[PDB]
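**Student:** Have a look at this one.
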Amino acid sequence: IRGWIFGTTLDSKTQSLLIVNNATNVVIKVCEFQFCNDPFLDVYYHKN
Amino acid sequence: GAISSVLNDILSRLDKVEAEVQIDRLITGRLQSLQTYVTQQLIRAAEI
Amino acid sequence: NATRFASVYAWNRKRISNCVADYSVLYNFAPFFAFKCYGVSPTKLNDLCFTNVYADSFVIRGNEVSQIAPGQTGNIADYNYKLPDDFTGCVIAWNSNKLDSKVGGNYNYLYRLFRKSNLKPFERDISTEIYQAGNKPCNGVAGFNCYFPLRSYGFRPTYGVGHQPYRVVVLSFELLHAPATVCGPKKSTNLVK
Amino acid sequence: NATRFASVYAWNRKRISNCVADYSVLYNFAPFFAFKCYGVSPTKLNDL
Amino acid sequence: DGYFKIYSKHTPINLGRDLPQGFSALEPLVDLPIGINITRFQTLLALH
Ligand SMILES: *[C@@H]1O[C@H](CO)[C@@H](O[C@@H]2O[C@H](CO)[C@@H](O[C@H]3O[C@H](CO)[C@@H](O)[C@H](O)[C@@H]3O)[C@H](O)[C@H]2NC(C)=O)[C@H](O)[C@H]1NC(C)=O
Ligand SMILES: *[C@@H]1O[C@H](CO)[C@@H](O[C@@H]2O[C@H](CO)[C@@H](O)[C@H](O)[C@H]2NC(C)=O)[C@H](O)[C@H]1NC(C)=O
Ligand SMILES: *[C@@H]1O[C@H](CO)[C@@H](O)[C@H](O)[C@H]1NC(C)=O
Ligand SMILES: *[C@@H]1O[C@H](CO)[C@@H](O)[C@H](O)[C@H]1NC(C)=O
């Protein structure tokens with residue numbers, strides 16, 4: 001589990017909240033977002 | 001009905017124009033508390 | 001001393017922290033129009049420390065400067081910017097047409113009188129949608145007697161006597177209830193026990 | 001909204017009755033400096 | 001009133017039972033002055 005999203009409309013019609021935790025720190029941000037219907041983190045080994 | 005019960009708070013953030021009235025309420029409520037306490041104590045003393 | 005302010009529909013809140021808040025520089029910077037405080041006395045601001053000072057910043061018309069007082073009602077207090085009745089802090093305001101007004105008008109300070117209901121305290125709404133002020137569902141960019149954020153005001157310099165733009169900072173903060181960060185310019189002593 | 005006003009020595013008086021007293025469509029027509037009320041609050045006038 | 005507030009705790013718990021009958025209390029973490037309407041939310045999963 002890595003965090004949360006919170007809001008009123010969740011579809012860029014208004015402002016909404018994103019919280020995310022990764023291997024060393026959080027980010028918290030509040031933007032007029034267009035979220036996806038199913039949010040998740042694709043966190044993979046990048047060869048480059 | 002004052003901004004705080006702690007008399008030092010009123011004297012830390014209000015001046016004589018405002019601190020005076022804030023203290024008056026606390027005087028009016030605390031004096032009544034003493035009046036009630038003694039009233040009960042005089043009624044109990046009559047029973048003892 | 002910012003170049004421009006935020007418009008009061010989208011009022012800009014900046015956090016003051018980890019610093020010394022001497023207010024003497026604020027009025028030695030600019031001879032204000034107002035310096036009005038709630039839950040504190042102006043004389044005591046030097047003797048105290050504030051847990052979290054917060055500067056709301058916006059521009060407001062001279063006829064509406066007093067509408068920033070707690071619990072009052074009227075368009076800006078009903079839809080754009082509201083402080084709660086238990087407001088702690090101070091409101092500073094000053095005239096700004098000398099820096100902030102244009103001979104034709106400064107049509108950049110959009111402000112809204114069109115909302116579904118009175119706004120909540122310390123809330124900011126940027127939803128510039130065609131509000132249904134008409135008796136029918138106004139849809140598309142416009143509709144019957146329906147409008148989004150009013151198209152600002154005629155901020156023209158020699159025109160608006162007591163009615164031109166004023167610059168406003170609402171310092172909102174609480175103190176003596178939690179660890180206080182920003183403090184006054186008083187300097188500490190050695191500690192005795 | 002009227003042409004002239006009966007001067008204060010001879011002040012005018014109109015009884016308004018059998019009607020719905022919306023304030024909202026008329027207080028906005030004439031911007032004013034003084035809106036004081038003495039046993040009622042301006043926010044409640046609409047619901048009395 | 002605009003602020004979004006968070007609290008948290010970590011309890012060491014045995015193989016006997018989850019969400020257990022004991023007692024613990026959450027300390028606060030951080031306060032976000034977001035000034036936006038919350039009404040819904042969703043947690044965030046990671047998929048490597
Ligand atoms: C967890 O996510 C964090 C945010 O996505 C990320 O922090 C980001 O790290 C990069 C690189 O360390 C920063 O980029 C800046 O890094 C230093 C800062 O001094 C500069 O030298 C760089 O040129 C660049 O400016 C990002 O600023 C930083 N983002 C934030 C919001 O702090 C973490 O790295 C992520 N943690 C892990 C373990 O992946
Ligand atoms: C905060 O968001 C909620 C949710 O969107 C709003 O509640 C809505 O209010 C409208 C108007 O009364 C109703 O038609 C909706 O059905 C409500 N939605 C829900 C899910 O309850 C609420 O009005 C918003 N508050 C502010 C201050 O904007
Ligand atoms: C305000 O900014 C101007 C430049 O725009 C600068 O010349 C002036 O010294 C500043 N005043 C203060 C008190 O910082
Ligand atoms: C009254 O209404 C008339 C017609 O709209 C207008 O010309 C006049 O200026 C108004 N008077 C006042 C005092 O608003």
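Identifiers for the structure tokens are assigned positionally: chains receive A, B, ... in sequence, residues are indexed from 1 per chain, and ligands are indexed from 1 in the order shown.
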Do you know which residues are within 10 Å of ligand 3 using only C-alpha atoms and all ligand atoms? Can you write them as an MDAnalysis selection string?

**Tutor:** chainID C and resid 1:3 25:26 28:30

**Student:** Using only C-alpha atoms and all ligand atoms, which residues of the polymer chains come no farther than 8 Å from ligand 4? I'd like the answer as a PyMOL selection string.

**Tutor:** chain D and resi 1-3+29-30

**Student:** Could you name the residues that touch residue D:46 at 12 Å or less, counting only C-alpha atoms, but leaving out those on the same chain fewer than 4 positions away, as JSON, numbers by chain?

**Tutor:** {"D": [20, 21, 22, 23, 24, 25, 40, 41, 42]}

**Student:** At a cut-off of 8 Å around ligand 1, and using only C-alpha atoms and all ligand atoms, what residues come up? Please write them as a VMD selection string.

**Tutor:** chain A and resid 21 to 27

**Student:** Show me which residues line ligand 2, defined as having an atom within 6 Å of a ligand atom where only C-alpha atoms and all ligand atoms count, and present them as a CSV table (one decimal) with C-alpha atoms, in the first residue's frame.

**Tutor:**
```
chain,number,residue,atom,x,y,z
A,8,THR,CA,-15.0,16.1,-4.2
C,119,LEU,CA,-18.9,29.2,0.8
C,120,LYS,CA,-17.4,27.5,3.9
E,37,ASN,CA,-13.7,20.0,-0.4
E,39,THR,CA,-16.2,13.8,-0.1
```

**Student:** Give me, as a list in words, the residues of chain C touching chain B, with the criterion being at most 7 Å (counting only C-alpha atoms).

**Tutor:**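 Only these qualify: residues 40, 41 and 44 of chain C.
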
**Student:** Please list as a PyMOL selection string every residue within 9 Å of residue E:4, counting only C-alpha atoms and excluding residues in the same chain fewer than 4 positions away.

**Tutor:** chain E and resi 30-35

**Student:** Considering only C-alpha atoms, extract the chain E residues located within 7 Å of chain C and return them as a PyMOL selection string.

**Tutor:** chain E and resi 1-2+35-36

**Student:** With 9 Å as the limit and counting only C-alpha atoms, what residues in chain C lie close to chain A? Please list them as a short mmCIF file (atom, residue, chain, number, x, y, z; two decimals) with N, CA, C and O atoms, in the first residue's frame.

**Tutor:**
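Contents of the output file out-v4.cif:
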```cif
data_model
loop_
_atom_site.label_atom_id
_atom_site.label_comp_id
_atom_site.auth_asym_id
_atom_site.auth_seq_id
_atom_site.Cartn_x
_atom_site.Cartn_y
_atom_site.Cartn_z
N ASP C 125 -12.67 28.36 -4.18
CA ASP C 125 -13.37 27.67 -5.29
C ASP C 125 -12.91 28.27 -6.63
O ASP C 125 -13.13 29.48 -6.84
N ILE C 126 -12.30 27.44 -7.49
CA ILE C 126 -11.84 27.92 -8.82
C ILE C 126 -12.78 27.36 -9.90
O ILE C 126 -12.47 27.53 -11.09
N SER C 127 -13.88 26.73 -9.48
CA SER C 127 -14.83 26.12 -10.45
C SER C 127 -15.59 27.23 -11.19
O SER C 127 -16.71 27.56 -10.77
N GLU C 129 -17.72 27.68 -13.49
CA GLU C 129 -18.74 27.02 -14.37
C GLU C 129 -19.94 27.96 -14.54
O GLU C 129 -20.14 28.82 -13.67
#
```

**Student:** Fewer than 5 positions away in the same chain doesn't count, so skip those; otherwise give me all residues within 7 Å of stretch 43-48 of chain E, counting only C-alpha atoms, as a ChimeraX atom specification.

**Tutor:** /A:1-5,39-44

**Student:** Could you dump the residues just selected with C-alpha atoms as a short mmCIF file (atom, residue, chain, number, x, y, z; two decimals), in the first residue's frame?

**Tutor:**
```cif
data_model
loop_
_atom_site.label_atom_id
_atom_site.label_comp_id
_atom_site.auth_asym_id
_atom_site.auth_seq_id
_atom_site.Cartn_x
_atom_site.Cartn_y
_atom_site.Cartn_z
CA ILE A 1 0.00 0.00 0.00
CA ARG A 2 1.48 3.47 -0.81
CA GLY A 3 -1.06 6.19 -0.05
CA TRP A 4 -4.37 7.80 -0.93
CA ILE A 5 -6.39 10.19 -3.06
CA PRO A 39 -5.13 4.44 -9.63
CA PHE A 40 -1.99 2.33 -8.85
CA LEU A 41 1.85 2.64 -9.06
CA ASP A 42 3.83 0.66 -11.65
CA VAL A 43 7.19 0.55 -9.84
CA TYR A 44 9.67 -1.56 -11.93
#
```

**Student:** Please provide as a list in words all residues within 12 Å of residue D:32, with the sequence filter that same-chain residues fewer than 3 positions apart are discarded (counting only C-alpha atoms).

**Tutor:**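 Close residues of residue D:32: residues 63, 64 and 74 of chain C; 26, 27, 28, 29, 35 and 36 of chain D.
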
**Student:** Could you save the residues just selected, with N, CA and C atoms, as a PDB file, in the first residue's frame?

**Tutor:**
```pdb
ATOM      1  N   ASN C  63     -14.967  50.064  -0.898  1.00  0.00           N
ATOM      2  CA  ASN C  63     -16.297  49.880  -0.295  1.00  0.00           C
ATOM      3  C   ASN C  63     -16.499  48.509   0.383  1.00  0.00           C
ATOM      4  N   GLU C  64     -15.580  47.566   0.191  1.00  0.00           N
ATOM      5  CA  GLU C  64     -15.678  46.180   0.654  1.00  0.00           C
ATOM      6  C   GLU C  64     -14.555  45.800   1.644  1.00  0.00           C
ATOM      7  N   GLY C  74     -22.155  39.536   2.889  1.00  0.00           N
ATOM      8  CA  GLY C  74     -22.018  40.275   1.630  1.00  0.00           C
ATOM      9  C   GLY C  74     -21.109  39.519   0.665  1.00  0.00           C
TER      10      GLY C  74
ATOM     11  N   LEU D  26     -33.293  43.919  -4.363  1.00  0.00           N
ATOM     12  CA  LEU D  26     -33.339  45.376  -4.215  1.00  0.00           C
ATOM     13  C   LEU D  26     -32.185  45.960  -3.402  1.00  0.00           C
ATOM     14  N   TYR D  27     -31.658  45.268  -2.387  1.00  0.00           N
ATOM     15  CA  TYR D  27     -30.454  45.764  -1.704  1.00  0.00           C
ATOM     16  C   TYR D  27     -29.252  45.866  -2.664  1.00  0.00           C
ATOM     17  N   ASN D  28     -29.177  44.985  -3.671  1.00  0.00           N
ATOM     18  CA  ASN D  28     -28.100  44.994  -4.665  1.00  0.00           C
ATOM     19  C   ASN D  28     -28.229  46.131  -5.696  1.00  0.00           C
ATOM     20  N   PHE D  29     -29.440  46.651  -5.919  1.00  0.00           N
ATOM     21  CA  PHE D  29     -29.695  47.701  -6.900  1.00  0.00           C
ATOM     22  C   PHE D  29     -29.074  49.043  -6.479  1.00  0.00           C
ATOM     23  N   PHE D  35     -26.001  49.673   6.724  1.00  0.00           N
ATOM     24  CA  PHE D  35     -27.036  48.651   6.737  1.00  0.00           C
ATOM     25  C   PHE D  35     -27.148  48.108   8.158  1.00  0.00           C
ATOM     26  N   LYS D  36     -27.703  48.918   9.054  1.00  0.00           N
ATOM     27  CA  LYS D  36     -27.849  48.530  10.453  1.00  0.00           C
ATOM     28  C   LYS D  36     -29.252  48.035  10.787  1.00  0.00           C
TER      29      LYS D  36
END
```

**Student:** Up to 12 Å from chain D, what residues of chain C turn up? Count only C-alpha atoms and give them as a list in words.

**Tutor:** residues 62, 63, 64, 65, 66, 67, 71, 72, 73, 74, 75, 78, 113, 118, 162 and 163 of chain C

**Student:** Could you pull out all residues of chain C with a DSSP call of helix (DSSP H, G or I) and give them as a JSON list (two decimals) with C-alpha atoms, in the first residue's frame?

**Tutor:**
```
[["chain", "number", "residue", "atom", "x", "y", "z"],
["C", 8, "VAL", "CA", -10.11, 37.34, -4.21],
["C", 9, "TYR", "CA", -11.94, 34.31, -5.78],
["C", 10, "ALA", "CA", -8.58, 32.45, -5.83],
["C", 24, "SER", "CA", 7.24, 47.40, 12.97],
["C", 25, "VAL", "CA", 8.62, 46.88, 9.41],
["C", 26, "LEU", "CA", 5.09, 46.36, 7.98],
["C", 27, "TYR", "CA", 3.91, 49.97, 8.61],
["C", 28, "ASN", "CA", 7.39, 51.50, 8.28],
["C", 29, "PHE", "CA", 7.19, 49.82, 4.81],
["C", 42, "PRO", "CA", -1.66, 45.18, 18.57],
["C", 43, "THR", "CA", 0.54, 46.19, 21.55],
["C", 44, "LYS", "CA", 1.17, 42.52, 22.53],
["C", 45, "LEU", "CA", 2.23, 41.14, 19.10],
["C", 46, "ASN", "CA", 5.92, 41.65, 20.14],
["C", 47, "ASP", "CA", 5.51, 39.69, 23.47],
["C", 62, "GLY", "CA", -12.51, 50.26, -0.96],
["C", 63, "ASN", "CA", -16.30, 49.88, -0.30],
["C", 64, "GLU", "CA", -15.68, 46.18, 0.65],
["C", 65, "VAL", "CA", -12.48, 46.43, 2.87],
["C", 66, "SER", "CA", -14.63, 46.33, 6.06],
["C", 67, "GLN", "CA", -16.50, 43.23, 4.74],
["C", 68, "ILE", "CA", -13.37, 41.17, 5.73],
["C", 75, "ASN", "CA", -20.68, 38.92, -1.71],
["C", 76, "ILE", "CA", -16.94, 38.40, -0.88],
["C", 77, "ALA", "CA", -17.82, 37.00, 2.59],
["C", 78, "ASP", "CA", -20.51, 34.79, 1.06],
["C", 79, "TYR", "CA", -18.75, 33.25, -1.95],
["C", 80, "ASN", "CA", -15.03, 34.08, -2.19],
["C", 97, "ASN", "CA", -4.27, 52.36, -7.22],
["C", 98, "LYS", "CA", -0.82, 54.09, -7.33],
["C", 99, "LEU", "CA", 0.68, 50.62, -8.23],
["C", 100, "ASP", "CA", -2.35, 48.50, -9.19]]
```

**Student:** Quick one, how far is atom CA of residue C:12 from atom CA of residue C:174?

**Tutor:** 19.0 Å

**Student:** Could you tell me how far atom CA of residue C:115 lies from atom CA of residue E:38, in Å and to one decimal?

**Tutor:** 17.8 Å

**Student:** Which polymer residues have any atom within 10 Å of an atom of residue E:7, counting only C-alpha atoms, with same-chain residues fewer than 6 positions away left out, as a PyMOL selection string?

**Tutor:** chain E and resi 25-31

**Student:** I need the residues from that last selection saved to file as a PDB file, in the first residue's frame (with N, CA and C atoms), if you can.

**Tutor:**
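Writing done, so here's part36.pdb:
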```
ATOM      1  N   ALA E  25      -3.134   4.486  21.234  1.00  0.00           N
ATOM      2  CA  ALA E  25      -3.678   5.761  20.785  1.00  0.00           C
ATOM      3  C   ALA E  25      -2.799   6.407  19.719  1.00  0.00           C
ATOM      4  N   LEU E  26      -3.402   6.986  18.684  1.00  0.00           N
ATOM      5  CA  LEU E  26      -2.662   7.601  17.583  1.00  0.00           C
ATOM      6  C   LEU E  26      -2.113   8.997  17.958  1.00  0.00           C
ATOM      7  N   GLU E  27      -0.807   9.235  17.797  1.00  0.00           N
ATOM      8  CA  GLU E  27      -0.228  10.585  17.790  1.00  0.00           C
ATOM      9  C   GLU E  27      -0.487  11.288  16.453  1.00  0.00           C
ATOM     10  N   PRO E  28      -0.638  12.621  16.425  1.00  0.00           N
ATOM     11  CA  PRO E  28      -0.748  13.362  15.175  1.00  0.00           C
ATOM     12  C   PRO E  28       0.564  13.340  14.379  1.00  0.00           C
ATOM     13  N   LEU E  29       0.428  13.549  13.071  1.00  0.00           N
ATOM     14  CA  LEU E  29       1.556  13.596  12.148  1.00  0.00           C
ATOM     15  C   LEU E  29       1.779  15.010  11.597  1.00  0.00           C
ATOM     16  N   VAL E  30       1.074  15.359  10.521  1.00  0.00           N
ATOM     17  CA  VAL E  30       1.219  16.677   9.896  1.00  0.00           C
ATOM     18  C   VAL E  30      -0.122  17.300   9.471  1.00  0.00           C
ATOM     19  N   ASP E  31      -0.166  18.631   9.396  1.00  0.00           N
ATOM     20  CA  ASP E  31      -1.375  19.360   8.998  1.00  0.00           C
ATOM     21  C   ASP E  31      -1.231  20.019   7.621  1.00  0.00           C
TER      22      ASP E  31
END
```

**Student:** Could you give me the residues within stretch 47-120 of chain C that DSSP places in strand (DSSP E), as a PyMOL selection string?

**Tutor:** chain C and resi 53-61+89-95

**Student:** Selected residues, C-alpha atoms, written as a tab-separated table (two decimals), in the first residue's frame, please.

**Tutor:**
```
chain	number	residue	atom	x	y	z
C	53	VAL	CA	1.22	32.52	11.04
C	54	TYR	CA	-0.67	32.36	7.70
C	55	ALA	CA	-0.89	35.25	5.23
C	56	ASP	CA	-4.00	35.20	3.07
C	57	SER	CA	-3.41	37.74	0.27
C	58	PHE	CA	-5.92	39.31	-2.11
C	59	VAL	CA	-7.04	42.68	-3.57
C	60	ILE	CA	-10.42	44.16	-2.56
C	61	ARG	CA	-12.43	47.29	-3.42
C	89	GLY	CA	-5.07	37.38	13.88
C	90	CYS	CA	-5.12	40.79	12.17
C	91	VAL	CA	-6.40	42.40	8.94
C	92	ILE	CA	-4.09	44.95	7.30
C	93	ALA	CA	-5.26	46.93	4.27
C	94	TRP	CA	-3.89	49.86	2.21
C	95	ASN	CA	-4.74	51.84	-0.97
```

**Student:** Between atom CA of residue C:110 and atom CA of residue C:151, what distance in Å does the model show, to one decimal?

**Tutor:**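 Atom CA of residue C:110 sits 5.4 Å away from atom CA of residue C:151.
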